[PDB]
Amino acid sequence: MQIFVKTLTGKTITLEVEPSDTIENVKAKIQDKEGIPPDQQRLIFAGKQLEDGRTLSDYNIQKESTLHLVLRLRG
């Protein structure tokens, strides 16, 4: 399914994912498309930062949901 990731500069990137994917897997896809190391990525949905080892379905992230990406250092 398609989901969106929106950054602090307002940019949106579109990802093709599956509900069984982990948040780490989504970060790897962001690394594939955008060159950002997963350890420099924070993904936020429903107002909370998401844990790398849980799945999109664990967070009820649905088709056409928007995640928010915040970059940070260290890792």
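Quick note: we count residues from 1 along the sequence shown, nothing fancier. We call the rigid core the largest set of C-alpha positions that still match within 1.5 Å between the two forms.
A.B. asks: Compare 6-14 with 56-64 and report which one shows the larger root mean square C-alpha deviation from this form in 5 other deposited structures of this protein once the rigid core is superposed.
C.D. replies: With the rigid core superposed, the C-alphas that lie farther in 5 other deposited structures of this protein are those of 6-14.
A.B. asks: When the deposited Cα B-factors of this chain's modelled residues are ordered and cut into thirds, is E16 in the lowest, the middle or the highest one?
C.D. replies: As the PDB entry reports it, the C-alpha B-factor of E16 lands in the highest third of its chain.
A.B. asks: Place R74 in the lowest, middle or highest third of its chain's C-alpha B-factors, as listed in the PDB entry.
C.D. replies: Highest third of the chain for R74's C-alpha B-factor.
A.B. asks: Quick check on the deposited entry: does the C-alpha B-factor of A46 sit in the lowest, middle or highest third of its chain?
C.D. replies: Highest third, going by the recorded CA B-factors of the chain.
A.B. asks: Please rank the C-alpha B-factors of the chain's modelled residues and tell me whether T9 sits in the lowest, middle or highest third.
C.D. replies: For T9, the deposited C-alpha B-factor lands in the lowest third.
A.B. asks: Quick one: classify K27 as lowest, middle or highest third of the chain based on its Cα B-factor.
C.D. replies: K27: CA B-factor falls in the lowest third of its chain.
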